[PDB]
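> my sequence and its experimental structure, below.
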Amino acid sequence: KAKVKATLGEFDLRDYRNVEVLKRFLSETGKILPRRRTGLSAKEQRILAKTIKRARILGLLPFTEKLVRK
Amino acid sequence: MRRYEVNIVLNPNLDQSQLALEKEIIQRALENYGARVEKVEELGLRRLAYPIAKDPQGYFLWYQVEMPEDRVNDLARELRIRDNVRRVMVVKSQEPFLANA
Amino acid sequence: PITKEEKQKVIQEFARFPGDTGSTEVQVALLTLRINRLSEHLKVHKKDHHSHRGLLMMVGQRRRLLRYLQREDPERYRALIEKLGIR
Amino acid sequence: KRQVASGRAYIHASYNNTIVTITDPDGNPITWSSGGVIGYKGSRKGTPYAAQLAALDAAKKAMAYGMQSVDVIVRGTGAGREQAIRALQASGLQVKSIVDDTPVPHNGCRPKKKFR
RNA sequence: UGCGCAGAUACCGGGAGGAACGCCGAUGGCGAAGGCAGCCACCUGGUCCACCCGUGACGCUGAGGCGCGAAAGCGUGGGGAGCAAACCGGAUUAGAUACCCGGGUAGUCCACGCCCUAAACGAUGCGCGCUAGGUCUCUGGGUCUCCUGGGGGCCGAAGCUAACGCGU
Ligand SMILES: [Mg+2]
Ligand SMILES: [Mg+2]
Ligand SMILES: [Mg+2]
Ligand SMILES: [Mg+2]
Ligand SMILES: [Mg+2]
Ligand SMILES: [Mg+2]
Ligand SMILES: [Mg+2]
Ligand SMILES: [Mg+2]
Ligand SMILES: [Mg+2]
Ligand SMILES: [Mg+2]
Ligand SMILES: [Mg+2]
Ligand SMILES: [Mg+2]
Ligand SMILES: [Mg+2]
Ligand SMILES: [Mg+2]
Ligand SMILES: [Mg+2]
Ligand SMILES: [Mg+2]
Ligand SMILES: [Mg+2]
Ligand SMILES: [Mg+2]
Ligand SMILES: [Mg+2]
Ligand SMILES: [Mg+2]
Ligand SMILES: [Mg+2]
Ligand SMILES: [Mg+2]
Ligand SMILES: [Mg+2]
Ligand SMILES: [Mg+2]
Ligand SMILES: [Mg+2]
Ligand SMILES: [Mg+2]
Ligand SMILES: [Mg+2]
Ligand SMILES: [Mg+2]
Ligand SMILES: [Mg+2]
Ligand SMILES: [Mg+2]
C-alpha cells in the first residue's frame, strides 16, 4: 500500500484550512493515520496532528465517523 | 504587537441585512481592540463535518490581523458574545512549514 | 516578555565601553531585569512553582557575580548596587 | 397498521445478551426482540443462537408492518453479534447497508473495576 | 439481590451536569524530583545548536536554612456525572468478616490553608577529566553516501564485579 506523503504534492503541513489534503490523512473513521501509513517524519506527524485537531474545531474535519462494513 | 489569524463561523441562514450587520459588528470590535487588518478571505457557505448548533453548514471568515497581544482574549471574548457567532478561534500566525518539498 | 528593544537598552546603559556585552556590570543588570519580570510574574501566579526555581537560580547567579565584583574592585561594586538599588 | 416498508434495524450486542430493534427511517422503533423475548432466560441469552432467533423474531414482526428494505446498525462486541447479522440477511429482509456505530468514549468516564 | 405495567431495556430528538482527553502515541518528548497528553490565547521557567563577539577563574560540592514534593488523609466553603474505603444487600463456601454480582457514604474534582510519607527506583548523590566500536532513535548545525553537537535505547573493547551484570 502506498503512503500518503508519497502520492501527494508540496503542501503546507501547518495549514488547517486545506481540507482536501487533510482529509487524505484521516482514515475511514475520523482517526489520524499512524506514521506507518502517513509516511511522515516524527516532526511532520506532530505538526499534522495539531493542525488536524485545529480543523476539527472549525468543523472542517470529523471527530469520528461510521464504518460501513462487516 | 504580534500577528494573529481570526477564524469566525456564523449561522449560514442570514440575509444581507443580518450578514452585513454581523460583519460590520466584527469590524467595530476590531477597531476598539486596535487590530490592524492585513488581508481577509471570506469562504462563506461550507459543509461542516459535524452538526454545529444543529446546523449542518457554516459561514466562514478569516482575518489576518496584527494586534496587541494582551488584548487577544478580551477580543475573543467580545466576538463570542453575539448569538449568530458560533466558533471563534484566534491563532498566532506561523511560518508555512512545507512537507514533501 | 523582554524584547530585544528593551534588552539592548539595558546593555548600552551598563556597558563598560561601546561593544561591551559581557562585563560583570552588564550581566548583573541583565539578570536584575529578568528578576523583576519574574518577581512581578510571581506576584500573581503564586502557584507557579516550576518557574519559581528559575528565579532562585537567577538570584544565586547575581549574588555570585556581585560577590566577585566586591572582591576585585569594591568601588565599582558600590556603583552597580547604587544604580540598581539592591542589597 | 403502519406500512413503513423500509427502515433501520439496530443490533445491540453485549456479552450477556443480544437484542434487536427495528425502526422507521427517522429512527422511531416498530418491533423488537431479544434473547429473553424468545424462550431463553439466563446466560443462554448471550449465545449466538439466541441472537439468531432474536433477529428472526424481530424480522418476522417487521414483516407484519410490511418491511422490505433494511439498513443495519450494529452496536457492541459480543457473541452472536455477527450471527445476528447473518440471520438478518437471510430473513427475507433485504439488507441495504451495514454500519458499526458502537459508542467509544474519548476517556471521559472512569469504568467499573471490572473493566480496569 | 436489583430494575421493569407508575411502561424499563433497546431506538430517534431535545436539554442539564460533572469528570476525563480516543486516534495522533512512540520502544517518543519535557522537567531537579514529584510529575506533565483535546484545542486556543496570554504570562513564564529550563534547555540545546551556530557565530568565536564580550567578562577574565567569576569555579565545584554543600552540614544548617529555605522552597518544592504522587497518592491517601485533615480544615473551611463549594461541587458531585462516573468510579468507589466504610457500609447495605445477593451469591460462593465447611465458614466468606474475601475474591464474583446489585447498590452505596466519605473520597476522587475546584478554591484557600495544612499534612512532608512511598518500591519518592536507575533500589545507582553531584561536578569535571580520561578510556575501542557497532546499531536504533529524538533534536540542532553542516561543504547533507556522510561529518559534527545535545538527549533517549540496545549490543559490546579494555577494565570492574561475589555473581547477575555494568561498560563515553
Ligand atoms: Mg455565541
Ligand atoms: Mg445473561
Ligand atoms: Mg419487582
Ligand atoms: Mg415497583
Ligand atoms: Mg438521547
Ligand atoms: Mg446536577
Ligand atoms: Mg497509545
Ligand atoms: Mg531528562
Ligand atoms: Mg515515575
Ligand atoms: Mg514557552
Ligand atoms: Mg521559553
Ligand atoms: Mg574570544
Ligand atoms: Mg582582555
Ligand atoms: Mg549547586
Ligand atoms: Mg538542606
Ligand atoms: Mg513546605
Ligand atoms: Mg502532598
Ligand atoms: Mg491529594
Ligand atoms: Mg476535603
Ligand atoms: Mg457503581
Ligand atoms: Mg461494589
Ligand atoms: Mg458481603
Ligand atoms: Mg450468605
Ligand atoms: Mg472452601
Ligand atoms: Mg524529609
Ligand atoms: Mg560514590
Ligand atoms: Mg540536518
Ligand atoms: Mg549519545
Ligand atoms: Mg549491556
Ligand atoms: Mg573483559
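Done, it's in. Numbers count the residues shown, from 1 in each chain, chains lettered A, B, ... in the order given. Ligands and ions are numbered 1, 2, ... in the order given.
> hey, let's count contacts and neighbours off CA atoms from now on
OK.
> who touches the lengthiest helix in chain C?
In chain C, with assignment by DSSP state H, the single longest helix is helix C:50-72. Helix C:50-72 is contacted by residues C:24, C:28, C:31-32, C:35, C:38-39, C:42, C:76-77 when judged by CA atoms under 8 Å, 6 or more residues apart in numbering or on different chains.
> what about 10 Å?
The contact list for helix C:50-72, computed with CA atoms under 10 Å, 6 or more residues apart in numbering or on different chains, reads C:24-25, C:27-32, C:34-39, C:41-42, C:45-46, C:49, C:74-78, C:80-81, C:87.
> buried stuff in it?
Using 16 or more other CA atoms under 10 Å in any protein chain shown as the test for burial, helix C:50-72 gives C:52, C:55, C:58-59, C:62, C:65-66, C:69.
> Three-state assignment for residue C:47, please.
Judged by DSSP: H, G, I helix; E, B strand; the rest coil, the three-state class of residue C:47 is coil.
> if we can go back for a sec, next, see if the longest helix of chain C gets close to RNA strand E.
Yes - contact of helix C:50-72 with RNA strand E (CA under 7 Å from any atom of the strand) involves C:50-55, C:57-58, C:61, C:64-65, C:68.
> quick check: the residue of chain B nearest ligand 2.
residue B:50 (36.6 Å; CA to the ion).
> that residue and residue A:55, how far apart?
12 Å (CA to CA, to the nearest Å).
> how near is the residue of chain A found nearest ligand 1 to residue D:49?
Per CA to the ion, residue A:58 is where chain A lies closest to ligand 1, at 14.3 Å. Counting by CA to CA, the separation of residue A:58 from residue D:49 is 46 Å.
> higher neighbour count, the two?
Applying other CA atoms under 10 Å in any protein chain shown to residue A:58 and residue D:49 shows that residue A:58 carries more neighbours, namely 24 against 17.
> residues touching residue D:39, list them.
Residue D:39 neighbours (CA under 10 Å, 6+ apart): D:45, D:50, D:53-54.
> that one belongs to a strand, doesn't it?
No - note on residue D:39: no strand contains this position according to three-state DSSP, which reports coil.
> where along chain B do the strands fall?
Secondary structure of chain B, counting by DSSP state E: strands at B:2-10, B:36-52, B:55-67, B:85-92, B:98-99.
> residue numbers of chain A in contact with ligand 2?
By the rule CA under 5 Å from the ion, no part of chain A lies against ligand 2.
> likewise chain D?
D:16, D:42-43.
> make it 8 Å
Residues of chain D lying near ligand 2 by CA under 8 Å from the ion: D:15-17, D:41-46.
> among the residues you listed, which are in reach of chain B?
Filtering the residues of chain D next to ligand 2 for proximity to chain B by CA under 10 Å from any CA of the partner chain leaves nothing.
> format those as JSON lines; extra columns: neighbour count and secondary structure.
Below are the residues of chain D next to ligand 2 laid out as JSON lines (neighbours: other CA atoms under 10 Å in any protein chain shown; DSSP: H, G, I helix; E, B strand; the rest coil):
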{"residue": "D:15", "neighbour count": "15", "secondary structure": "coil"}
{"residue": "D:16", "neighbour count": "14", "secondary structure": "coil"}
{"residue": "D:17", "neighbour count": "24", "secondary structure": "coil"}
{"residue": "D:41", "neighbour count": "12", "secondary structure": "coil"}
{"residue": "D:42", "neighbour count": "12", "secondary structure": "coil"}
{"residue": "D:43", "neighbour count": "11", "secondary structure": "helix"}
{"residue": "D:44", "neighbour count": "16", "secondary structure": "helix"}
{"residue": "D:45", "neighbour count": "26", "secondary structure": "helix"}
{"residue": "D:46", "neighbour count": "25", "secondary structure": "helix"}
